[PDB]
Amino acid sequence: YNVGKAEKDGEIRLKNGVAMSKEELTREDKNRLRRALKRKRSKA
Amino acid sequence: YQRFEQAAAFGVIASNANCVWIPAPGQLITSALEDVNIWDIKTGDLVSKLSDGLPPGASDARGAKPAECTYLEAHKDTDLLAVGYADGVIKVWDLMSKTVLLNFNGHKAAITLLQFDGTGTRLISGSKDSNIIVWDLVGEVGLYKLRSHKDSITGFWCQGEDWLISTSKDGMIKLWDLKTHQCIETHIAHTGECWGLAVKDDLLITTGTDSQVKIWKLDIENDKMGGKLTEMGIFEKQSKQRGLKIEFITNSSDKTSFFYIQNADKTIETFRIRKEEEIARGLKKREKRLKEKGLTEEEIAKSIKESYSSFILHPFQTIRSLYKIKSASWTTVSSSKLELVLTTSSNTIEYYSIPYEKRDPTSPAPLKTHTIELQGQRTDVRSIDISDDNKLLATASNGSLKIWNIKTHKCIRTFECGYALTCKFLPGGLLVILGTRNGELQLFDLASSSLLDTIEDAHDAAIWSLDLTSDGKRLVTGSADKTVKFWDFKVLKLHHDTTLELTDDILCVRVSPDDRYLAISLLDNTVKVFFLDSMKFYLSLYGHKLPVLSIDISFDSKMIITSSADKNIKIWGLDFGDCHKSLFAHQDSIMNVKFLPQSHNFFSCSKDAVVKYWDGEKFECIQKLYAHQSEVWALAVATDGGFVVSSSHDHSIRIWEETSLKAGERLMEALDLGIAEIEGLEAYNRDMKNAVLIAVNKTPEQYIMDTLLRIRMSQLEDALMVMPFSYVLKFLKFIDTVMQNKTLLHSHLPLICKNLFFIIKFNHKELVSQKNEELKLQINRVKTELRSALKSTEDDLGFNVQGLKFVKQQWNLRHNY
Amino acid sequence: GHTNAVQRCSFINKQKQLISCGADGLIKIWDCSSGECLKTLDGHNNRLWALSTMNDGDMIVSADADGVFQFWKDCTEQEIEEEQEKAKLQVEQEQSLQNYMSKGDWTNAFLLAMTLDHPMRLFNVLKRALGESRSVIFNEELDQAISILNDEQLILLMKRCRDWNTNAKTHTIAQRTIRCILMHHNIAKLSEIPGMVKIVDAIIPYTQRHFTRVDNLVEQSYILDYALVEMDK
């Protein structure tokens, strides 16, 4: 077994083993996570 | 080149901001774009004008449009006025000195509401960025920020230091503890946006987008984990539009309570709060009515709960204004009458007086007592012209024509007209001619202050353009009937002379200063030049992608400029019709361009709210003027060229006058600081029987432990090898002290193991050498708990592996073939 | 938008909407102002000839050619009331949650995080509750709380517990919650729960690795003895 993408659409689950549910994110946190996803796809 | 600066600004009474009433009907404070105006209601004259400085057009002046005032709040006791701007800047103004005292910059968006605390020492500010910031006036700092909301703050209530209630555009009601800087309760006010919030004792009212109005009780001391805010009922106001503002006022003599709901439309709806005796009397009465209708007792109780709102509130009176209302405020509360003051979107101030007796008012409609109307125009100015003497400025707008004194900035005369489109002075500055959208041509005299002649059938459609010859005896008019008509002035009346019908509608008509050429703009994006003497066709200018809006001819009748909606200015040589250069001057449609007299330089205005100064020979933008808040509809230049006047969609007429430590090394500091504290406390305790740590608000143990964490894993071992053996002993003492804090122990057990145990590895020889008894007990201690703390983990995980294997085994027996 | 011929048309809700009947057997409710299909009702498997409305379309009757009547009743106001309430409750569940965390009421915070499915708050309730538990298993209240979970919830925890274990810094919490479950639940009942075994399958290989580690940490701890025997000489 290996940690993968979040099963629920409303959550972000990283390979670190941490699930990250949107409703409880702060706005600043969402921005950096969004930008973090930009970099990953950009290199992808 | 010379620099142009905004000499003066006028024509604005009340901009897009709230109104503040100050007792002496008393004076009123209203916003004027970047400036604030103080008006005397009785006289209707401007008392004073607040301007920060830095006039537009100066070198030090910023190259961006000024921030317009969004909210005005004044503390009556201290006479201190706070101004909120669209950029999120709060400026504290001294009313007596009329100067800025403080400047706060903590919001990234327009400020929506300002409120002084009761004592006047702290200012709470809400902005469109969804943030509430509480400022300390004496401290000149922002104490703290409240950030739970997710949209623009529409309204908030804070009369006590302990608690704050806030409303936002996202439609939640949030109760705050000012001591804890946290939101305690959150409730959905309405299905969509919540715009109004007003509080009186437990009674609270909020307005949504629809006519629904909610009524709540506030038990601040309820303290049941919830229910501090509980809904009572819903009442529907007559106006279907959203309610922007709600405020309360109480009568001291009779303890009577009133409020209004300011709607987005032209209606203000006032309400009265019934007294408790009235509510009981009504409740008993309606019970009699319901019982008479035969309703069951349980149905009556439910109906009473359903009609709970009706008992408390009474629709008192509805105020109707001719124009959409921008803001309103109570002025005076008395038994005899109730008075209100409002500002409209159409740039005027209206004072209303409501005489009333007991339950209902005496008059069917409110009494309009005072209006400040002379110094502003309701409709945006479409054309402006300057008299030859350069003393009188004519401003033509839809429905009215107003004329001002340039020196005093005061309107001299006002004339009622149709939908004004183009206006020009006649020679001598004593007459004005106006071209309306209805095809009518109007002539006025300043001395007579009346309209002499009107030509209803001057054109079948809008007279878009109107120009006069240098002699002033021949008038040229362009209209949507695709015709140009020439008129003569005979003693004064106008007589049609000749008709020049064109293939398309005409936008602009210009006559050369020498009266030799006539240039006309058509919707087909071509400009046609004619010879005025003989009306023979001369040239057909082509190259504009959108229709040409304005045409201007140089004083020498050599150069001609064309400005079109395609955002381009084209300079043409009239000798051969050749475009010398095409300039992408503005970011939007360019409405007007004018030559400076006796020079080829020219100005340009566009919908981007920017006026640009250009060189006709070098074709370069000399200066950019950023003062307009909206589209610039007309432009005019003085005959001498000393000053330029521009008017925009903001109802503003302004005059432009020519004037390090590394891993390990950081640790060594950490062990020194923390253990020095630890040893001191140990010595201090024994006898009984720093700034850095205090600033970080961490114990000595956490501080060093955190420093250990920050070190990268590849860099821990090299950092620790650098450590001298002396610092190892402090490290061992540190680890020993961690042992007592078993919470920290289990939190970072693997790291403590790795670092401690290498250290023993690296300098084992030196460590074993010492005979120190105190070291001998430390090593024995740290050993034992490290085993127990570690053994606890192994027991718990060595546990869960086994029985779960049993769980796996049991399922196989039942469900495995 | 009708696949087949439209054969009955009647305005409902006064001017605002239209209901239409097609030979396909589908009832489409359109917005007259926008001319767009707001809703589609499929209560028939054959052609429709007749359409009757009552109270401005509050009640609609459609008679299939086979002879089936579909009595449609308006329930929009019923639904939006339901939508309003659950949103109201969900907001309260949020508001109650962060307040408990600030107060440290982990036992109540745990149950709210069950319903709201907030993994960070779950890990934060469990993590700092453990720290207090350091200061039978966690605490009597939370230990009772974990026992009462229904099988839907039990699966949810062990999904998270599976996730935390894979990381070597969050596994201490993970085996840690798993132990208490085995203390306060019938191990038999756990087995039959569908899909639990597969989650229960993935948890061993990570735990067993954690035996290989930690156990080694004991081995290289006795350097303190070897230090402690040499010095004594």
# chains A, B, ... in the order shown; residues from 1 in each chain; ligands from 1
call {"tool": "closest_atom_pairs", "arguments": {"of": "chain B", "to": "chain A", "cutoff": "10 Å", "atoms": "only C-alpha atoms", "output": "JSON lines"}}
result
{"residue": "B:147", "atom": "CA", "partner": "A:26", "partner_atom": "CA", "distance": 9.8}
{"residue": "B:148", "atom": "CA", "partner": "A:26", "partner_atom": "CA", "distance": 9.1}
{"residue": "B:150", "atom": "CA", "partner": "A:27", "partner_atom": "CA", "distance": 8.8}
call {"tool": "residues_around", "arguments": {"residues": "residue 98 (chain C)", "least_positions_apart": "2", "cutoff": "10 Å", "atoms": "only C-alpha atoms", "output": "JSON list (two decimals) with C-alpha atoms, in the first residue's frame"}}
result
[["chain", "number", "residue", "atom", "x", "y", "z"],
["A", 24, "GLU", "CA", -10.67, 24.14, 7.15],
["B", 183, "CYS", "CA", -14.84, 34.47, 16.68],
["B", 184, "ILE", "CA", -17.17, 32.78, 19.17],
["C", 93, "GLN", "CA", -20.72, 21.99, 13.70],
["C", 94, "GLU", "CA", -17.76, 23.96, 12.38],
["C", 95, "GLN", "CA", -18.19, 26.78, 14.90],
["C", 96, "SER", "CA", -18.50, 24.34, 17.80],
["C", 100, "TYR", "CA", -13.49, 23.12, 21.56],
["C", 101, "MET", "CA", -9.95, 22.86, 20.18],
["C", 102, "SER", "CA", -9.07, 26.26, 21.64],
["C", 103, "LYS", "CA", -10.62, 25.15, 24.93],
["C", 104, "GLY", "CA", -8.91, 21.76, 24.63],
["C", 105, "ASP", "CA", -12.18, 19.80, 24.92],
["C", 109, "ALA", "CA", -13.74, 17.89, 19.45],
["C", 112, "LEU", "CA", -17.30, 16.72, 15.80],
["C", 113, "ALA", "CA", -14.31, 15.86, 13.61],
["C", 121, "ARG", "CA", -8.15, 18.58, 13.27]]
call {"tool": "interface_residues", "arguments": {"of": "chain B", "to": "chain C", "cutoff": "6 Å", "atoms": "only C-alpha atoms", "output": "list in words"}}
result
residues 743, 768, 797, 800 and 811 of chain B
call {"tool": "select_by_dssp", "arguments": {"residues": "region 46-193 of chain C", "states": "helix (DSSP H, G or I)", "output": "JSON, numbers by chain"}}
result
{"C": [76, 77, 78, 79, 80, 81, 82, 83, 84, 85, 86, 87, 88, 89, 90, 91, 92, 93, 94, 95, 96, 97, 98, 99, 100, 101, 102, 103, 106, 107, 108, 109, 110, 111, 112, 113, 114, 115, 116, 119, 120, 121, 122, 123, 124, 125, 126, 127, 128, 129, 130, 131, 132, 133, 134, 140, 141, 142, 143, 144, 145, 146, 147, 151, 152, 153, 154, 155, 156, 157, 158, 159, 160, 161, 162, 163, 164, 165, 166, 171, 172, 173, 174, 175, 176, 177, 178, 179, 180, 181, 182, 183, 187, 188, 189, 190, 191, 192]}
call {"tool": "interface_residues", "arguments": {"of": "chain A", "to": "chain C", "cutoff": "7 Å", "atoms": "only C-alpha atoms", "output": "PDB file with N, CA, C and O atoms, in the first residue's frame"}}
result
ATOM      1  N   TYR A   1       0.844  -1.184   0.000  1.00  0.00           N
ATOM      2  CA  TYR A   1       0.000   0.000   0.000  1.00  0.00           C
ATOM      3  C   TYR A   1       0.882   1.238   0.000  1.00  0.00           C
ATOM      4  O   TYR A   1       1.924   1.265   0.659  1.00  0.00           O
ATOM      5  N   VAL A   3       0.425   5.714  -0.040  1.00  0.00           N
ATOM      6  CA  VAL A   3      -0.477   6.857   0.015  1.00  0.00           C
ATOM      7  C   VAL A   3      -0.534   7.512  -1.355  1.00  0.00           C
ATOM      8  O   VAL A   3       0.498   7.743  -1.998  1.00  0.00           O
ATOM      9  N   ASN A  16       3.059  12.562   1.862  1.00  0.00           N
ATOM     10  CA  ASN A  16       3.514  12.565   3.245  1.00  0.00           C
ATOM     11  C   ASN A  16       2.609  11.756   4.163  1.00  0.00           C
ATOM     12  O   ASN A  16       3.003  11.468   5.298  1.00  0.00           O
ATOM     13  N   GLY A  17       1.414  11.389   3.708  1.00  0.00           N
ATOM     14  CA  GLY A  17       0.450  10.724   4.557  1.00  0.00           C
ATOM     15  C   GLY A  17      -0.520  11.648   5.254  1.00  0.00           C
ATOM     16  O   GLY A  17      -1.207  11.208   6.184  1.00  0.00           O
ATOM     17  N   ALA A  19      -3.801  14.246   4.992  1.00  0.00           N
ATOM     18  CA  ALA A  19      -4.970  14.663   4.229  1.00  0.00           C
ATOM     19  C   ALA A  19      -5.346  16.075   4.652  1.00  0.00           C
ATOM     20  O   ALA A  19      -5.191  16.435   5.824  1.00  0.00           O
ATOM     21  N   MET A  20      -5.814  16.883   3.695  1.00  0.00           N
ATOM     22  CA  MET A  20      -5.823  18.331   3.855  1.00  0.00           C
ATOM     23  C   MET A  20      -7.151  18.853   3.305  1.00  0.00           C
ATOM     24  O   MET A  20      -7.257  19.130   2.106  1.00  0.00           O
ATOM     25  N   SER A  21      -8.162  18.989   4.175  1.00  0.00           N
ATOM     26  CA  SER A  21      -9.535  19.259   3.741  1.00  0.00           C
ATOM     27  C   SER A  21      -9.821  20.749   3.589  1.00  0.00           C
ATOM     28  O   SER A  21      -9.636  21.528   4.525  1.00  0.00           O
TER      29      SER A  21
END
call {"tool": "residues_around", "arguments": {"residues": "residue 151 (chain B)", "least_positions_apart": "3", "cutoff": "7 Å", "atoms": "only C-alpha atoms", "output": "ChimeraX atom specification"}}
result
/B:129-130,168-170
call {"tool": "residues_around", "arguments": {"residues": "residue 4 (chain C)", "least_positions_apart": "5", "cutoff": "7 Å", "atoms": "only C-alpha atoms", "output": "PyMOL selection string"}}
result
chain C and resi 22-24
call {"tool": "residues_around", "arguments": {"residues": "residue 241 (chain B)", "least_positions_apart": "4", "cutoff": "9 Å", "atoms": "only C-alpha atoms", "output": "VMD selection string"}}
result
chain B and resid 209 to 211 263 to 265
